[PDB]
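First, one chain by itself: the form deposited in one PDB entry, in structure tokens.
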């Protein structure tokens, strides 16, 4: 079996793809890595061989966060029953709460609009408030409450989360994962994940309060209550993943996976609306013709707003916030584009190469909403639209994220006209790579309509 050819990062991989093709390999430290580029490669790996590519590479430092065999959360959980039980529970719970989450999102959108209006037309960076609105949607899903935009514990929670994102990058974490033995030195153990650990600690305090107000004689109001109820039925069952050590991990996974993604996406959205005011006006025209100017947007509006739906999809395509997705690990030998992938290889899915594929999209490096329209103005979704990846491990947040993007974006453009402040440089459309790819900082003016 022949192996893939091969010898900041997103540009580098797209460079190597040019040189060695769509499936190439690397040795990143002591990890054999295979990178997949383009729709064909990614689907072959994640769908056709989806059974064998749905594992995660082990992360030894998660011991520090209370992880264990039946306590792996969902995002990093190894392929196996502790992942599948929590995967199915979150997917189902999200779905059940639809029957609601939309009500929580819609209320949050009105809170956000009111917070935007308080800037009375003066320039401001939108990011802070977008984070808060998006964080309160997760708060609503997980604990059945929101927090005020100036609640002290709410702000510390978001602060801890931002600092915890940074801890995903570093020399220290790379060494400790390589040799988990170094974790016996307390000086090192206490430093690796101090912000993520502090987040969980702050979270415990919220979960303890929620556990006091839970009414178990009523149907669960939110996901923590659904979990607690499952935890009751599972007392006496050492096989269950429904336990107090997993609860805090699963809820931390939903916050930390769901905040920065949806928020960054919305930040790209507003930036592209001030760089392309003509798209903005067309969206505001479609809003006026379908929704009007008083009534709050509802999810039922989306099927009648093909242009707004195109724009929101193009924001995700152009924004391309998670260029390299989330790593997978193979649990069996597989074949991709002919090449042999050994068991235990880390797979990197180059989602950027799918979203920006020049063979598929008309002008992939332009902001071009017609990427999702046909000449008639019908919304069409190409198969290369994979901002959430594919297969068994594809973003379980996707239905909620879709709801948030549509209800936050259209609520905002319903009530405000957005522009570049009249004395500043046209902000760049080029992102800042980090954990996520986010817009380079900008301010905007939001004036009522």
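We call the rigid core whatever largest set of C-alpha positions still superposes within 1.5 Å between the two forms. Residue numbers count along the first chain shown, from 1.
Although it is not shown, the form deposited in another entry is what the next lines describe.
**Q** Shifts of 2 Å or more at the CA atom, core superposed, between this form and the one not shown: which of the listed residues 179, 110, 91, 117 is the one?
**A** The residue that shifts is 179.
**Q** Comparing between this form and the one not shown on the rigid core: C-alpha of residue 81 shifted by 2 Å or more?
**A** Not so; residue 81 is displaced by less than 2 Å.
**Q** Would residue 168 count as moving between this form and the one not shown, using a Cα shift of 2 angstroms or more after superposing the core as the test?
**A** Shift of 2 Å or more: yes.
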